[PDB]
Each structure stands twice: as structure tokens, then as C-alpha cells.
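Colleague: Here it is, the structure in full.
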Amino acid sequence: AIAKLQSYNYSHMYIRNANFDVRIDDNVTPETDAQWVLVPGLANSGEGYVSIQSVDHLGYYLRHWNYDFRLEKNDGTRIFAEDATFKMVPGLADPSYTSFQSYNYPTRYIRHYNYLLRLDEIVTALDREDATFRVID
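Going by the deposited numbering, the sequence shown opens with residue 7, and the numbers climb by one from there.
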């Protein structure tokens with residue numbers, strides 16, 4: 007499914023590709039920078055696992071490299087797949103929304119740190135809000 011990923015706590019902002027960097031922003035141009043294909047997890051086909059593919063750069067996925075995020079072309083490896091697969095879980099700040107738990111670092115979640123996208127431990131209530139997104143498809 008093609009989706010937009012809206013920040014729970016900054017609801018005018020969306021996860022977007024910015025010349026292969028990853029950030030949240032409002033007023034996203036081109037609009038396809040903010041559009042993603044949620045596909046079955048590259049590292050696991052089971053229920054709830056997803057990989058997040060860029061719409062305007064097919065074959066490119068949100069991939070964490072340690073705790074940073076990049077939009078990277080799939081090199082076919084299991085390690086890439088694991089760094090690019092997330093469990094979609096009920097929102098940490100509000101279960102009606104969505105959070106993205108890392109497949110290979112299960113205590114870490116996708117979160118925006120200000121405008122940047124990171125894979126962090128989620129300790130505080132603000133961390134939970136930074137790690138919660140509305141999936142709009």
C-alpha cells in the first residue's frame with residue numbers, strides 16, 4: 007500500500023526523502039517525497055513486519071545504519087533486510103496510531119529527533135510521541 011507517514015505530535019509534518027537523506031517536514035515538495043510503499047518485511051514475511059519503500063526511488067528503502075537512517079538501495083543482503091524491516095505496532099503514544107519497532111534491535115523504534123529520523127531507545131513520554139505516526143493510505 008502507498009501511504010504517507012504523519013508525525014503524531016507535529017501533525018503537519020511527514021516522513022520524507024530529502025535527496026536520499028530522511029527527515030520530517032511540512033509542505034513537502036515534490037509530494038512523492040512523502041509517499042511510501044509499505045511492503046512485506048524484507049527480513050521476515052510474518053504478520054506485522056514491513057519495509058518502507060520510497061515511491062519516487064523504487065528499490066530504495068528506509069534503512070537504519072546503527073542509529074541513523076538513510077534511503078538506500080537494497081543490496082540483497084540479509085543484513086540490509088534486517089536493518090530495513092520493522093514490526094508495525096500500536097502507537098507508543100496512542101495505540102490507535104502506529105510505531106515501527108526495529109527487527110534486529112527490538113528495543114529501538116523509528117523516531118524523529120527534531121527534524122531528523124533516528125532509531126532510538128524510547129524512554130520518555132516525549133520519546134513515545136516522537137516515535138508515533140499516523141499511517142495515511
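Heads up, the beta-carbon is just placed ideally off N, CA and C, and yes, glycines get one too.
In terms of residue numbering, what span does the beta strand (DSSP E) encompassing residue 142 cover?
Modeller: Residue 142 -> beta strand (DSSP E) spans 139–142.
Colleague: Counting along the chain, where does the beta strand (DSSP E) carrying residue 1 start and finish?
Modeller: Residue 1 lies beyond the residue range present for the chain, which begins at 7 and ends at 143; the question has no answer from this structure.
Colleague: Residues in its own chain within less than 6 Å of residue 110 by CB, not counting five upstream and five downstream?
Modeller: For residue 110, where only same-chain residues beyond five positions count, the Cβ hits under 6 Å are 88.
Colleague: Do you know offhand how far residue 143's Cα is from residue 8's?
Modeller: Roughly 6 Å between the two C-alpha positions.
Colleague: Go through its chain and collect everything with a Cβ distance to residue 113's Cβ below 7 Å, but skip five positions before and after it.
Modeller: So the qualifying residues of the chain are 127.
Colleague: Thinking C-alpha only, which one of 138, 133, 132, 123 is nearest residue 31?
Modeller: Nearest C-alpha to residue 31: 123.
Colleague: For residue 55, which residues in the same chain have their Cβ closer than 8 Å to its Cβ, ignoring the five residues on either side in sequence?
Modeller: Correct list, in chain order: 46, 47, 49, 91, 92, 93, 94, 109.
Colleague: Figure out for me which residue from 115, 76, 101, 107 has the closest Cα to the Cα of residue 23.
Modeller: Taking only the C-alpha atoms, the option nearest residue 23 is 76.
Colleague: Taking the C-alpha atoms as reference points, what is the distance between residue 40 and residue 28?
Modeller: Taking the straight line from one Cα to the other gives about 10 Å.
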